[PDB]
Amino acid sequence: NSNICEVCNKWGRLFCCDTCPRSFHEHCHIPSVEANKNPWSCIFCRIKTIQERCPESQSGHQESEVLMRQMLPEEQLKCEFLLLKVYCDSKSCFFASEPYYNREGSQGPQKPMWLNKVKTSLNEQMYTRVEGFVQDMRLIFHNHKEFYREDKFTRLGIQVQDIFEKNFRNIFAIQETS
Ligand SMILES: [Zn+2]
Ligand SMILES: [Zn+2]
Ligand SMILES: [Zn+2]
């Protein structure tokens, strides 16, 4: 197994996947690494299993259809993984914890949002459809773009949103387009 966490790329107290060579800190894995279970399979392995059990799940989908899916266990898992993939980028640090807004010439968003809040919401099963999760994720970056206006810092929101969107299209097998 790897000697660094897959998500944050640091050593420490790591839990090792039994079915692939990835390792995780306890709270870097999503969901948090489970207490017992030997063997243990990581979220990357669990996602691969879903695809292997239903190869047709990789045929292209319409986003509108994906968003209306109820958050049954497989969709819950896919959202957990998608959230994890965003945490895997180091620029996610900017969007992880609760922001505050005090900049001359801007007003903060009406509905602040951040990754750790989405993480809690997933953990507490607060989303009933995929749409709920996707709307909160997109709101994080939209709020950032709106607040930072022409500061070049706006680009961080564009960057992390692109990681979100690419991973969304991959995980939920959205039909490729030009
Ligand atoms: Zn970590
Ligand atoms: Zn694994
Ligand atoms: Zn099948």
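Just so you know, ligand 1 is whichever comes first in the structure, and atom 1 is the first atom listed for that ligand. One is the number of the first residue; the rest follow in order along the sequence.
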ask   = Would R13 count as a cation-pi partner of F15, with NZ or CZ less than 6.0 Å from the six-membered ring centre and within 45° of the ring normal?
value =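 Yes, a cation-pi geometry.
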task = Determine, for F168 and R138, whether the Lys NZ or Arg CZ falls below 6.0 Å from the six-membered ring centre while staying within 45 degrees of the axis.
result = yes
So, for [X] and [Y], which heavy atoms are closest and what is the spacing to 0.1 Å?
| X | Y | value |
| --- | --- | --- |
| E65 | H61 | OE1-CD2, 3.4 Å |
| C42 | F24 | CB-CE1, 3.6 Å |
| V160 | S92 | CG2-N, 4.3 Å |
| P39 | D18 | CA-OD2, 3.2 Å |

key: Atoms named by residue and atom, protein N, O or S, within reach of the Zn ion (ligand 1) (under 2.8 Å)   =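 Within the sphere that stays under 2.8 Å of the Zn ion (ligand 1), the protein atoms of type N, O or S are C5 SG, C8 SG, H25 ND1, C28 SG.
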ask   = Do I163 and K85 touch side chain to side chain, with heavy atoms closer than 4.5 Å?
value =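 When only atoms from C-beta onward are counted, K85 and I163 do not touch, as no gap falls below 4.5 Å.
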query = Is a donor on one side and an acceptor on the other found under 3.5 Å between the side chain of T154 and the backbone of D151?
reply = yes
query = Stepwise, does the side chain to side chain contact (heavy atoms under 4.5 Å, CB included) test hold for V134 with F164?
reply = CA-CA 10 Å; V134 175; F164 176 72; 4.3 Å; yes
query = Are there any protein N/O/S atoms under 2.8 Å from the Zn ion (ligand 2), and if so, which?
reply = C17 SG, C20 SG, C42 SG, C45 SG
